[PDB]
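Okay, so we've got the same protein chain twice, two forms, each given alone as structure tokens, structure 1 and structure 2.
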Structure 1
């Protein structure tokens, strides 16, 4: 702590008693000069003395200064002080809500000027931002409709500020906001993602990411408001601060059913995801793969469209060479594709074509047990495709079984039989028993109690030689 900070706190403690007496004067100017000093110390860019101001007893006074009858200069200074107390911890925000401030903020939305409207909508964002409890209380005193009508303003800083506040009102999942109040905001936010103000864009996107993070009826309401096509367009915005909330909202939509998913596909989301796989920022690449995995969990057509978009090769590259955070998402995408791909085998053949098999087995050795199971399940589907393809063509061999051995991947599957987790073990066993059965036959007589080993590892190499000369 700087010398200025220490000497500031020395000053304030010595000069707070007069400030408290000055804000209590009958002279309206005294009230105002005192309220300005309280606002200035609370506007301190670093370490506002919020708690010192609270225990001085003046928060009820400042809330009264927001009254109907009070001069606008005073309502604004007091609301700005109260805004900053409310930006602090939850306990500091409670002194403001318990003194009655929230209904007076809401009043200022009607009667204040553009500057008063800005301040009161900002304070309400700090209150709503604090907790689900305060967010709902703000909604419970009917803030929504006066907030919406502020968007027929054209002051940019006012719309910028109410957009941020709007996002705190939609934000939260346990519990969620009341849907019949926050849904009213969707026609406004649908227009706000066409703003040219970047900060307005950002908060509009976040607010839509929160509203779409809900059940089917929430996702449908977002599709009905014709929001998805512009969200997909913003996936190509040049700033990641827009990319991120937009990607998140699109990801939420594809947690829906196949109708929800097909909407974002028809507006071109697969092309956007492709180019987000090369984002310089790792959480974008991670979020993109997660999104894609929600799509490859859909229809064979929607799998086919993922393939048509040339998303298979980039997904393999990441699964091979990306940080574990992303590898685990790339594996979910390929494993979901493997699953639904059973009904159109050619999807699995193209995937095996592109070399998915070795990166799948490579990750069995470094993955947590959830990803091991998704990974085993992908290889199992690949083996399943191989076996029905084998019977169809009369083959003597499962060609995918052969590809999984030739990539080193079978001992890795075999070795996941040594897993504490019974699910893993039972799954790994059934893959070996079904497509690599020779690996479970002991090396000699099996009735003398001698060693049981997988027909010992130093097996002969190659079994077919061509005649070169």
Structure 2
């Protein structure tokens, strides 16, 4: 809060009354010259005097400066000034809305020069990003059609900002945006995930993540526009900033039904997910494991595809060494994968072969009650298989119980009989009596 910024605040509030009377002049150069001053001070990189401007009361006269009939330089300078206000606080953005700027920004998307369009589409993103009411209001003002036309230019900064704004118009669930209006952007988004500007790419994928975060209807239309093949490809992009929204978008598709999940499987999502298990970003490692558990609950054919993609060994390695936030996801994936077991014996013994047992028993100590049960679920399924092989071959010891004892796992299972949760108590009671009961 420098001495420089302070002498400007003092110089502004003596000159602001003059500034307001110049902007209300009848002369045209004067109006333009006053509007430029406001645009400039409102552009101050750090702490632009937005509340001071707003309390000068020029917002409705700036808005009128955008009208269908004003000279084009005045339209730009006002639009730019109002955009710096709309890109501030929620409260400051409300000032621009309540002054009726939104339907004018939209007309400027039809009639404006390219520089004017980029100010206007940035202003509307900031409105739309602020509230579900404001984004619905923008859509109700029929903004979608002029917004999609902006992608027919080849001015890169313009599409980039337009893609950011489109993403805000598609965002938000607590009321879901009017699908009839927002689905019109899918063809355009399907092209935009093939763009070469990183930032466009990021925001195109964020927009699809929001569009795919809803009903089967929305998820189906994402598939029909054959977006998924490119989302899976984008999982292998350089930047984690691309990877994250692409991963969330496909994650939304895998939580659809089994046919929706098969699309992205056929797309090669499992190979990409294997590599994301080694991302440097911990969030990506966590979301990858979450996505993978979502499919290890499903078809036994899907469990098998997960196993075939060599996903199990890195999952076990994350179960062993990762932060608990990630371990709990890998646990879900492993224990879903053991589901069944009975039916498909070869899966369990393969997972045992990859060193599943010790990391499973180890988490029993540090985990919450919910992850306790999924861990005991996995361990019960492993032990079940161990007894079945023992009877079918007649060997009178359970190899998987024997491997649990070797891992120091008995006492960790047996310590969970101390849990007041009756239902892990009963699972822990169930295994040690069934499998660790002989003297």
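Positions refer to the first chain, counted from 1. Take the two forms, superpose them, and find the largest set of C-alpha atoms that agree within 1.5 Å; that set is the rigid core.
Engineer: After aligning the rigid core, which of 138, 376, 273, 219 is the one whose Cα travels 2 Å or more between structure 1 and structure 2?
Structural biologist: That would be 376.
Engineer: Please determine whether the C-alpha atom of residue 386 is displaced by 2 Å or more between structure 1 and structure 2 following superposition on the rigid core.
Structural biologist: Result for residue 386: yes, a 2 Å-plus shift.
Engineer: Using a rigid core alignment, state whether the CA of residue 417 is displaced by 2 Å or more between structure 1 and structure 2.
Structural biologist: Passes the 2 Å threshold, so yes.
Engineer: Taking the rigid core as the reference frame, is the Cα of residue 341 displaced by 2 Å or more between structure 1 and structure 2?
Structural biologist: Shift of 2 Å or more: yes.
Engineer: After lining up the core, report the Cα displacement of residue 11 between structure 1 and structure 2 in Å, one decimal place.
Structural biologist: Displacement of the alpha carbon, after core fit: 1.6 Å.
Engineer: Can you give the C-alpha shift of residue 434 between structure 1 and structure 2 in Å, rounded to one decimal, after superposing the rigid core?
Structural biologist: Superposing on the rigid core gives a C-alpha shift of 5.2 Å for residue 434.
Engineer: May I ask for the C-alpha shift of residue 300 between structure 1 and structure 2, in Å, based on superposition of the rigid core?
Structural biologist: That residue's C-alpha is offset by 0.5 Å.
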